[PDB]
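What the coordinates show
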Amino acid sequence: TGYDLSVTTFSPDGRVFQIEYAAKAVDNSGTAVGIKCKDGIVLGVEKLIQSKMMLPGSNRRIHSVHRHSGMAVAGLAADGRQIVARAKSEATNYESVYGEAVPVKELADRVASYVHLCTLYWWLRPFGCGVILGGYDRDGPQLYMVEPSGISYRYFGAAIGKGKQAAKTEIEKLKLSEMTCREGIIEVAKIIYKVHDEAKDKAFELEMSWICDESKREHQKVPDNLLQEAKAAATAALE
Amino acid sequence: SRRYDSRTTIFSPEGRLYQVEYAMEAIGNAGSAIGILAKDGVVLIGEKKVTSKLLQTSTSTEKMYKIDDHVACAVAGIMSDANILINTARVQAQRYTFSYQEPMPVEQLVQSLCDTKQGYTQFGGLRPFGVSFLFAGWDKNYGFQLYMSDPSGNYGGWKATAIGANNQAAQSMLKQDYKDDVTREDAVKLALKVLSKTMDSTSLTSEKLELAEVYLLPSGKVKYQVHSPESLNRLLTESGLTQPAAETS
Amino acid sequence: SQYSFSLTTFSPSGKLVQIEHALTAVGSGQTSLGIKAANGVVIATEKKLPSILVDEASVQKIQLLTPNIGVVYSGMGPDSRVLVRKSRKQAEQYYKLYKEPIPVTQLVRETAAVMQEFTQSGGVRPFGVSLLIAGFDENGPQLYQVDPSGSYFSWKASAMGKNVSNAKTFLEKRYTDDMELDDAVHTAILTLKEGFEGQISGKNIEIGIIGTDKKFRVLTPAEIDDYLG
Amino acid sequence: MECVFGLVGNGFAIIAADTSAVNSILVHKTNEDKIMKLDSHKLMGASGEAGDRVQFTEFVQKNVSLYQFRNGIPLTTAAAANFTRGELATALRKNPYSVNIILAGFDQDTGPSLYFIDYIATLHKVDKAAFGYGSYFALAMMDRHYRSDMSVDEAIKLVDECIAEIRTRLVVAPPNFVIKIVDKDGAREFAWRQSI
Amino acid sequence: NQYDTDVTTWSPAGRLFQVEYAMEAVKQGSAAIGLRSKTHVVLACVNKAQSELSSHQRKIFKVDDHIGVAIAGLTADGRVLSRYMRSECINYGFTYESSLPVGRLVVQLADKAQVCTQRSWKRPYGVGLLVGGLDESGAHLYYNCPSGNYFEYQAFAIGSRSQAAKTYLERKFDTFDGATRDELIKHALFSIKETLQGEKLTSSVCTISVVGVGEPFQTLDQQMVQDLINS
Amino acid sequence: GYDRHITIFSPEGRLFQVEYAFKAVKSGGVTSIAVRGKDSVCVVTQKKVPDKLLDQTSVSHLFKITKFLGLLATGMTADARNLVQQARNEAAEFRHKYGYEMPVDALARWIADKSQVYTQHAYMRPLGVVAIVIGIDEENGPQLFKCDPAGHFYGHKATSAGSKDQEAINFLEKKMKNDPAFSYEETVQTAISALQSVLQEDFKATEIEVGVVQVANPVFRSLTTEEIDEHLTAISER
Amino acid sequence: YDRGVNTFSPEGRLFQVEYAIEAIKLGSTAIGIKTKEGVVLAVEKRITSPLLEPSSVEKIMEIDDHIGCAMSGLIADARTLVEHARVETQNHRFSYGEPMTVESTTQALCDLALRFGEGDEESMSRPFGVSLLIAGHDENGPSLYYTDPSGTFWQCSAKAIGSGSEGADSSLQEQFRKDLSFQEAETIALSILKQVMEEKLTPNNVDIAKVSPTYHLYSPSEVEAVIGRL
Amino acid sequence: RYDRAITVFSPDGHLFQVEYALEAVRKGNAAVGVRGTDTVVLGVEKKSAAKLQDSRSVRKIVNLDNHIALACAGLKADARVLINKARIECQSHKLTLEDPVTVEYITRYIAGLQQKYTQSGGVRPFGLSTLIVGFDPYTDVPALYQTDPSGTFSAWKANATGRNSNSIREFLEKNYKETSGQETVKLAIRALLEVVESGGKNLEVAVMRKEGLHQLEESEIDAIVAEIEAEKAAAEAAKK
């Protein structure tokens, strides 16, 4: 009724509607899952093929941020790239000034502060993307998730996009303390395949990146062989 | 953010700027003041708008200000902005006397102030100064001068003019009664007469008035001076006696 | 960052509406008043707090800007702090340049210009406050008032905030020249008592006074109670 | 290097100056007129680096003309001198001009005047002035024969004598001098002193 | 609908309408095609003059020896983006004395485009670039919508009446990956023919530019494409 | 007009956006309270995780602005973190520029002055967070302060924030009418009890967080869950 | 409404650009025809009153020794574009000592067209309500281009802008023969400009210019000769 | 800085703010200029003589240079800024080039300045329409120009601006002839009289000779007004 038109305007209910519209943009995007296994972190993203001519590997959605951490973005991908670039900038700047690799916790805090700042200005559009960090610090694996409003918390499992609720419910049914990242691959592949609904959307390509001990704590894509076998297992798990 | 912009500097379909016209209205709601360009001097008289009895009145002036040794002004409109404008005007006069080492001729001071006002009138999107000035001073160029400034940033020289509340009645009586060769005393008397006849209340009170005159001392020194309350009382009594001294027939 | 569009334009009637809203906003603030005795000045205000749990001693409404000068505000509290800080800064600039205390009138004029700035500059609202600046200096006692429009006046006595009219009439009828400083203090306390719902106590109101040639001091509750007793 | 000097008679202020423009050893020109007219009633002899002399003199003339048309009343001589001094003093610490200026003028209500303005921007209303190596001879001879009421004949005789001495005793003696006079009628050229 | 006048105003449905208007700007362009094999990229564009006497508007362009661009949308913005891409390729060559990979240029271009969709005083670009060049991996084809997003396809088409070419490619894109230069050229020609509304294809309507792992960028001449069409 | 949308005076002199910020604070369900004692200052709030997934150690509203200063932020979490970063930058800058620890009242005044800025500059929404500052002034003894989105910092002997302002205040001033001098244990247990009497439910010492200062130990500290549990038992048995 | 200067319309077209394109419809008709010999330009002066000095109303301005320019729409906004083109062509001469090609000047003028906006990123706040013909000769031979406020241009064999656009273009397509000798080319442009013009074609009412090797604005006596030939 | 597109295109291609500037011009004092063979007269409607104005220190027809003069119509407040910049340019041209500005040059400079304002962001167009006059140096051939709020300019044999500009323009269109000496002043006075029938006490007239500008005296304007007022009645009686 005139109040839902700016980011510097509280609606009489004491809430900012522009932030909620941004968050809705994420809700419309596509699932992004992160899991904190015993020996690392596994990120997985349901990536939707818009047209069959796309090249398998197009518009990758799981990005590195620095040597020991990486992101998965859901929501408006163009904003996800801006946030990933900022996370890279923060990582390298801290590395430079203090001569130490950024504690993933500090990296997430800086990223979240940036996302929040991008709302305080009347002349900026708030980011319409939510991200998941999974760095493997000297304090161990630790998974964060930053919301388009600027809030962030450390999770043991996470999810965003269309598949929020199914993904969360399925994660809770898993004993994260007991599964190695190799088991996390299978679990996340199975979850992503369950949460997808071919009856509604077109096909999709699972894109998963492990920040584990095999990956030498360095964020990397899941090896092709393990990924394909996990895809086959996840498909078999639907019956 | 665009929707919150009033666009102060913009032409209306009539070809006239609204905010400046509203500024002239604001002047119209302010206390009255008039100027008389006499042969031997220039006289400014003003009406103190706020006249609560608890006001101190010990402060020398509320509407007339000295801008330099040779120029003074009487303010109408928003005195808050008038303070800034007089501060600027004094600064401009001193800037001329520094660069050239001599008094800044009145017309130039008026024009510089008006160029300050026109800036707000034309660009930047800020509200114009809602003020209007009467300037009294003396030059080697032209001797005694009286000028009037609109908040439009426009000005003109006047043998006798008025600003503020009830402007036009005083203007008309000045048209009817002002004459060349009006001397010091005659100018003072005429100003008092026209004002009181323009006032809602006769037998005015010195506490509700201000009279200043920029004349020339015998030794060629422009002497500005604002009358003390007792001098106002003397003039008020003399005028309230001389008005019936003419109206008797 | 354009933010260069006066949000306080001229209404078709010539009135500056937003300044009028600011004047109302002070009109709904707690009352304050000031009187100038023939040999000193006095300012006081009501300091009634929403709860007992609020430590009344942790904040003062009467604040002195220079040892000669003190101010009282009515309307929004946060704005008065801005204005006090800026006025202190200007007083210290004056003292740096000339090694003398700033005259009351000059401090008032500079604070008034600060007030005015926000009524023309874009992207900001005028201060929801009016100030009573009490000072005593080389040319006698002085009490000045400043309002969100940036205009200032010299009063013999004045008030503002909640209950303006009753306090104003009370002062007008009860004020007189040659009033001593103590008479002025009693008169101010009585004026506060007039409209002060509840009962006055040293922990409910705040008083500041400047003696002859001396420093502006804010009365402590231990002695205001002696005055009102 | 330039020589310039002035002289205030009863109703006139003469200014003379050498008219030789040089580079190092070559008199590229001997007709270089250096005494400017600021107004119908002003002269401004200048001495200093030729580029700075010309640029500063033109700048000051621009400002004088701007004042004239905008107000309708021309700058009085004293105000023109003070404005020159102000501009020169402000440039002094930022991008100094190396020009020495002698300003003469006539104003109906004040009479002839002659101002001394140094490249350091020191201004003084002098009775007689001179700049450059010819300054010594010019000043001594003027002092010897100067009076406060000289007829233009006497003033021009004095300037001729000063020119002859400056030629005779300087090593950089320039051969050609120009003489310009300001009176009630206005700034003007009096005579050209061809030597060659 | 009031969530529509400024870029920085999200719509309550999670949509950004000014950006969608920009993305619609592309649809008024002419059919810009592009189809990729593992070694080659072929950008073909349909040329529509604004009159019998007046000539058409150029739409294919060279960015450096190994990158080309086919723009759709308003040309005033295609020119600025092409100049920017050329400048970046030149700067990278200057610093590292090597060719800038396609992917990184494309991502910088998408960042440049997105930056405009986030600030109040700026507007989206309204030109959809279909970048095709070379990397160490071989050939690559991208598409940059004014929204700031970018995609990678074995083949694609944009612009008015680009659905017919898109629908031909979707039949034949399975073959491009292993296709030779000539077969890609043939597929580009046919995919254009599918765009022409019953007109016999001729060299005078479309220009074909090809880049290859061994060939620099080049726009095929008017006569050779005509001769090829005569088959 | 626009005055409902931006911080300019309403026709009756109210700034509606600031009020809406206050409503935002009272939103979010959380409520918190602080009790200043003779020897300590205790500040307590409730935190609740809805998921097994969310790590409980990553969610908290107690912030160590300085080893000797704390701050309990009530309101929107992102704004609470922004204000917290700003205050941490100020505390370090004050200690650097002036050579001694920043006093509690100075922190409260600075936060309030910063908040006032949003309330005057039209295009800056006031932070939706009420921040309670606790610390033991080196000379004034224990301190407690409360800054609001408007900018009215005032010092409170005891105070509440969040959805249950009034209930907490009423209970606290009922229990404090006598102007008591609370011991440490008594202070912290009064705070916990006033929270109980507002929630109308018990709590397992896990959905609650407490932060305390002591003259014998000025460091702003967060109580162990076992200490919270011992305080709960002590409340139970009297 | 307070739509921004840079606001896209729902069909993808900038509003202000469309409103500017409308502004050329009100401008004087200006017509040019390319040929092997050179290029010809013409434009109705629109001399409102006899007092106005005809010669002082210039609508064909030289950009450089080989690049004419016919202006239509807001002739105030056209001056600026031609001054920019003049400085650009001279810079190119300075920086290479050779004439700037015509297509590059056109592209130089057009690259200025869309710079408008708000926010201190560009001083211009509004599009140029001017569409130009650029008639030049360079290494490619005679060439004729034209532009519009959409910051776009394209080479053409004959074009007519301003109010008469549609009629002049129809008559041009019906008659532009591609064998035209310069003599025929200029009579065709003048005959078209005659019918479009409400006032009778007089030496003073029209402005003709031949690019050929070097730009030449026809003097009134020269115009009378071709009006007679017509 | 404040950037806002005050001047913008209306859905039918018009610049509304420029046209409103033109209307602001319509409301200004009438002005007339009549280029003759040897002189260029200017005139304006009001000489500031409403029985109390002290008009000693300001003339409406203003010198930009001893070479050049200017008459302005429309807002008086903007005229001062435009005239100051024109004077500054007249001097800066002499500095940059020894030659004084030719009339067309300064006219073009003013025109471009006005256009810049109609297109620069965050600034109001000048509401002016100037008449400019002068003798191009070394030519002794008079020159008459005008600019209009749009920023477009052109020369004229004669012209008028301000209120009733049209009526004066028709008078000139029917009554103009190649005048000289006093005849040019006669035509200018008649042209102004068409609209300001209260002749004499209202007109302010100046004439440009090759040697500069000089403004007629009250007695002189009155003499011309009386001459026309007698000869027109005589001609009307003779014809009728």
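Residues numbered from 1 in each chain as written, not as in the entry; some residues may be left out. Chains lettered and ligands numbered in written order. Part of a larger assembly, values for the part shown. Heavy atoms only, no water.

Deposited coordinates in this entry are attributed by the record to cryo-EM, at a stated resolution of 3.3 Å.

1. Considerations on the overall build of chain A
Cut-off, in case you're wondering: Under the scheme used here, helices are H or I runs from DSSP no shorter than 4 residues and strands are E runs no shorter than 2 residues, and both carry numbers assigned from the N terminus. As defined in this context, the radius of gyration uses C-alpha atoms, and a globule is described by 2.2 Å times the residue total to the power 0.38. We call a residue buried when its accessible area falls under 20% of the maximum for its residue type, exposed when it is over 50%, and partly exposed in between, using a 1.4 Å probe and counting protein chains only. Contacts are assigned to residue pairs that have any heavy atoms within 4.5 Å of one another. In this description, accessible areas are obtained by the Shrake-Rupley approach with a 1.4 Å probe, and a residue is regarded as covered only by the protein chains that are shown.
A count of helices and strands for chain A gives 6 helices and 12 strands. Here the C-alpha atoms of chain A give a radius of gyration of 18 Å, agreeing with the 18 Å that 2.2 N^0.38 yields for 239 residues. Seen through its C-alpha atoms, chain A measures out along the principal axes to roughly 50 × 50 × 35 Å. Taking all 239 residues of chain A together, 61% fall into the buried category. Considering only residue pairs separated by 6 or more positions, chain A has 63% of its internal contacts joining residues 24 or more positions apart. As displayed, chain A has an accessible area near 9300 Å², and 49% of this comes from carbon and sulfur atoms.

2. Notes on the environment of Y65(B)
Residue and element names in this part refer to chain B. The condition is simple: N or O atoms within 3.5 Å of each other form a polar contact, as long as, within protein, one can give a hydrogen and the other can take it, and as long as residues adjacent in sequence are counted only when both atoms are side-chain atoms.
Of note, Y65 is situated in strand β3 (residues 64-66). On the basis of relative accessible area, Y65 is assigned to the buried category, the value being 10%. For the pair formed by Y65 and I86, sequence separation is 21 residues and the distance between their alpha carbons is 7.5 Å. For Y65, the residues in contact, after removing those within four places along its chain, are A72, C73, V75, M79, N83, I86, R90 and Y224. Within polar-contact distance, the side chain of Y65 engages the backbone oxygen of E62 at 3.0 Å.

3. Considerations on helix α6 (residues 224-236) of chain A
The condition that has to hold: Helix span is expected to be 1.5 Å times the residue number reduced by one.
In a regular helix each residue adds 1.5 Å, so 13 residues correspond to 18 Å; α6(A) covers 18 Å between its end C-alpha atoms and thus fits that length. Summarising the contacts, the buried residues of α6(A) are in contact with α5 (181-195) and β11 (204-212) of chain A.

4. Points about the interface of chain E and chain A
To be explicit about the condition: Buried area counts how much accessible surface, traced with a 1.4 Å probe, disappears from two parts once they are put together, with both parts' losses summed. By convention in these notes, a salt bridge is any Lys or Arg side-chain nitrogen within 4 Å of a carboxyl oxygen on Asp or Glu.
Taken together, the contact between chain E and chain A spans 36 residues of the former and 28 residues of the latter. Both sides of the chain E and chain A interface together cover about 2800 Å² of buried area, and 57% of this is carbon and sulfur. Contact with chain A buries area across many residues of chain E, yet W10(E), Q118(E) and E152(E) alone supply 25% of it, more than any other trio. There are 1 salt bridge connecting chain E and chain A. The partner of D111(E) in a salt bridge is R81(A), and the shortest N-O contact between them spans 2.0 Å. Along the contact surface separating chain E from chain A lie 16 residue pairs in polar contact. Broken down by secondary-structure element, the contributors of at least two residues to the side of chain E that touches chain A are α3 (102-116), β8 (150-152), β9 (155-158) and α4 (162-176) of chain E. Sort the elements by how many residues they give to the side of chain E that touches chain A and α3(E) lands first, with 5 residues.

5. Details of the side chain of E2(D)
Positionally, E2(D) belongs in the segment before β1 (4-8). Filtering out sequence-adjacent residues up to four positions away, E2(D) remains in contact with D18(D), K34(D), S47(D), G48(D), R53(D), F131(D), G132(D) and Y133(D).

6. Points about the interface of chain C and chain B
Put simply, the rule reads: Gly is placed with the polar residues, together with every amino acid not listed as nonpolar (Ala, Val, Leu, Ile, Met, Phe, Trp, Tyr, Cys and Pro) or charged (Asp, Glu, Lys and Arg).
Each partner contributes residues to the interface: chain C has 33 residues there, and chain B has 33 residues. With both sides pooled, the region where chain C packs onto chain B buries about 2700 Å², and carbon together with sulfur makes up 57% of that total. Ranking the residues of chain C by area buried against chain B places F5(C), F10(C) and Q120(C) at the top, with a combined share of 26%. The tally of links between chain C and chain B comes to 0 salt bridges. Counting the contacts that link chain C with chain B gives 9 residue pairs in polar contact. Sorting the residues of the side of chain C that touches chain B by element identifies β6 (140-146), β7 (152-154) and α4 (165-174) of chain C as the ones contributing at least two each. By residue number, the principal contributor to the side of chain C that touches chain B is β7(C), which donates 3 residues. Of the residues contributing to the side of chain C that touches chain B, the split by class is 12 nonpolar, 16 polar and 5 charged.

7. A few points about the pairing of strand β3 (residues 60-64) of chain E
All names here are of chain E. Spelled out, the test is: Two strands qualify as a pair provided that DSSP identifies no fewer than 2 bridges between them.
With 4 of 5 residues buried, β3 is to be regarded as a mostly interior element. With 4 bridges joining them, β3 and strand β4 (residues 67-73) adopt antiparallel strand pairing. From the neighbouring strand, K62 faces β4, where its bridge partner is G68. From the end of β3 to the start of β4, which pair antiparallel, there are 2 residues.

8. Regarding the pattern of salt bridges
Side-chain pairs of opposite charge can arise whenever the charged atoms involved come near each other. Inspection of every chain in the model, using the stated rule, returns 72 salt bridges over all chains. Across the salt bridge formed by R127(B) and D81(B), the nearest N and O atoms sit 2.5 Å from each other. Remark: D81(B) occurs in helix α2 (residues 79-100) and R127(B) occurs in the loop between α3 (106-122) and β5 (131-137); sequence separation between them is 46 residues. When the shortest N-O distance is used, the salt bridge between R1(H) and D3(H) registers 2.0 Å. It is possible to trace a salt-bridge network through shared partners that takes in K47(A), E205(A), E207(A) and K221(A).

9. Let's talk about the arrangement of the chains
One finds no contact linking chain A with chain G; the least C-alpha distance across the pair is 11 Å. Taking C-alpha atoms only, the smallest gap left between chain A and chain H, which are not in contact, amounts to 14 Å.

10. Side note on the packing of helix α2 (residues 77-97) of chain C against helix α3 (residues 104-117) of chain C
Residues and elements named next belong to chain C. Which entries qualify depends on this criterion: All axes are obtained by fitting lines to C-alpha atoms, using only the stretch in contact for helices, and the reported angles, taken between N-to-C directions, cover 0 to 180 degrees. Orientation labels follow simple angle bins: below 35 degrees gives roughly parallel, above 145 gives roughly antiparallel, 65 to 115 gives roughly perpendicular, and whatever is left gives oblique. For any pair of crossing helices, the crossing counts as left-handed if the nearer helix is rotated counterclockwise from the farther one by less than a right angle, and right-handed if it is rotated clockwise.
Remark: α2 packs on α3, axes separated minimally by 10 Å, with the N-to-C direction vectors making an angle of 130 degrees. Viewed along their axes, α2 and α3 adopt a mutual orientation that is oblique. Considering only the axes of α2 and α3, their crossing is right-handed. Here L83, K86, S87, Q90 and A91 of α2 lie close against α3, whose contacting residues are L107, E110, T111, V114 and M115. Partitioning the contact of α2 with α3 into residue classes produces 5 nonpolar, 3 polar and 2 charged.

11. What to know about the environment of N87(B)
All names here are of chain B. Summarising the element assignment, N87 is placed in helix α2. We classify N87 as partly exposed; its relative accessible area is 47%. When the C-alpha atoms of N87 and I10 are compared, they prove to be 28 Å apart, with 77 residues separating the residues in sequence.

12. Notes on the pairing of strand β5 (residues 131-135) of chain H
All names here are of chain H. Burial analysis of β5 places 5 of its 5 residues in the buried class, the great majority of the element. The two faces of β5 match: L131, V133 and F135 on one face and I132 and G134 on the other face are all buried. As defined by bridge partners, β5 adjoins strand β6 (residues 142-147) across 5 bridges and the pair is classed as antiparallel. Its bridge partner lying in β6, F135 is registered against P142. Connecting β5 to the antiparallel partner β6 that follows it, the hairpin turn spans 6 residues, and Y138 within it adopts a positive phi of roughly 75 degrees.

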